[PDB]
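Single chain ahead, by itself, as structure tokens, in the form deposited in one PDB entry.
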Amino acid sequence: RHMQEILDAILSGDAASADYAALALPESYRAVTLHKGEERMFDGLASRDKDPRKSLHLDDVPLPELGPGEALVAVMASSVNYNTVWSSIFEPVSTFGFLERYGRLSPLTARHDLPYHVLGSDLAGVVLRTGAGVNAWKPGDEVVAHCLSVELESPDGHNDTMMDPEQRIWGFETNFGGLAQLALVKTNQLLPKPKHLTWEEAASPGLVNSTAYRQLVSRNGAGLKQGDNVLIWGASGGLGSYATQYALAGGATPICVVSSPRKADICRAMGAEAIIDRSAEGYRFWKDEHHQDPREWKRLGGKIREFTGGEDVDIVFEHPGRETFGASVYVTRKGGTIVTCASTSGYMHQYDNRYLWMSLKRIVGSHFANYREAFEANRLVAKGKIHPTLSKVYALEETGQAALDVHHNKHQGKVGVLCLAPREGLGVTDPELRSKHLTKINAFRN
């Protein structure tokens, strides 16, 4: 196999750039895919009852043609993200609609408009080829990838690339994602691999760490400062496992919300002290399908004040959506910020605008991160200031079970996936820095 020869080169440890440039490309690669003819297979079911194991296929797919500004990457490991779940249950809409619309832009984007969709929005691996116009990256470079896909032909994105009208998420709104043995990315998605981490560890921060960085740290989100109090929903999940770290390292005080004593213990291991278990408290923010209960908003606010000495939070880190959003707006301090990048429990938000306008609060929408933000987030991992939060690793063939874990909220931290890597534990080339941080690196491990 051409693919076995590629893996052997990576595992040897002493292949030069010219060696990678000399390997023959395989004619197909193994990939986790959706099929277009199945996009209605879950019609009539409740979201909970839609099973990613039924929709996710392991296929052999042809290599796409390499274009200008792009790189072909040999993927050692990837991760399950919530967009992998959304894709796999075809909610809110089918990703094939996104691929069809993308394919209308040009003959190059039309490569993506296929009857199958290779998923995955994270990777760690090795560059094999680069297209025309690519100088910064070369075959053999060890990389991780962020998932922003921007074309930058329009002027709109030249003062923050998230504002590009053609901005997409790689592996979700584009094809050739990371849950596969090979991937195709733009080279402006590439970042240097953290040397003290294994392949699966290095693949795990990309998406959620970059998003948490823009949403909480950067001036394009909440602009955290030391001394702030920050309410962090889902503090032991993917986003929250990085948000909590940024709050603590930035000198702020996180109030972490989780739903089990096991996750509460992890938050204490990260260094948080103020932890609310929403299951034990039994919050019912909605009385029925159409009306909320302000008494329950107020009970949450009172519990926060027990931890802060009577202070309300400067920032709410939102993402659960409809269930929690009325409470989030209510409990925020006068002049404070609710920053939101998601709506897991439902995107039709309801809130009492009297609390927003009379208290001069703001709701800031945030979405992934631009390259500069993704670089800064990955830099803090490489410096050993922010740590990966991997809890469990699955084989590529078992990506469906990994997606079901997240779908049903059975996990903590990040769930990783081995792609070409034959086992866990490979890829560390800075053992001294790894040993300095190993206890924190393994804090989420089962």
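Under this definition, the rigid core comprises the largest set of C-alpha atoms superposing within 1.5 Å between the forms. Residue numbers run from 1 along the displayed sequence.
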Please compare 331-339 with 263-271 and name the stretch with the higher mean C-alpha B-factor in the deposited structure. 263-271
Please compare 274-282 with 228-236 and say which has the higher mean C-alpha temperature factor in the record. 274-282
Top Cα B-factor in this entry, restricted to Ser87, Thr109, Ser359, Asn81, sits on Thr109
Compare the C-alpha B factor of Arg322 with those of the other modelled residues in its chain, then answer lowest, middle or highest third. lowest
Tell me, lowest, middle or highest third: where does the Cα B factor of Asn378 rank within its chain? lowest
For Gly133, the third of its chain by CA B-factor is the highest
By the record's CA B-factor, is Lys195 among the lowest, middle or highest third of residues in the chain? middle
What third of its chain, lowest, middle or highest, does the C-alpha temperature factor of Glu173 fall into? middle
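Another form exists, deposited in another entry; not displayed. Remarks below refer to it.
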Of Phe90, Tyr371, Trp137, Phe368, which is the single residue whose C-alpha shifts by 2 angstroms or more between the shown form and the other one after core superposition? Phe90
Classify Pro68 as shifted (yes) or not shifted (no) between the shown form and the other one, where shifted means its C-alpha moves by 2 Å or more with the rigid core superposed. no
For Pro388, is the CA shift between the shown form and the other one at least 2 Å following rigid-core superposition? no
Core-aligned C-alpha movement of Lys195 between the shown form and the other one, 2 Å or more: no
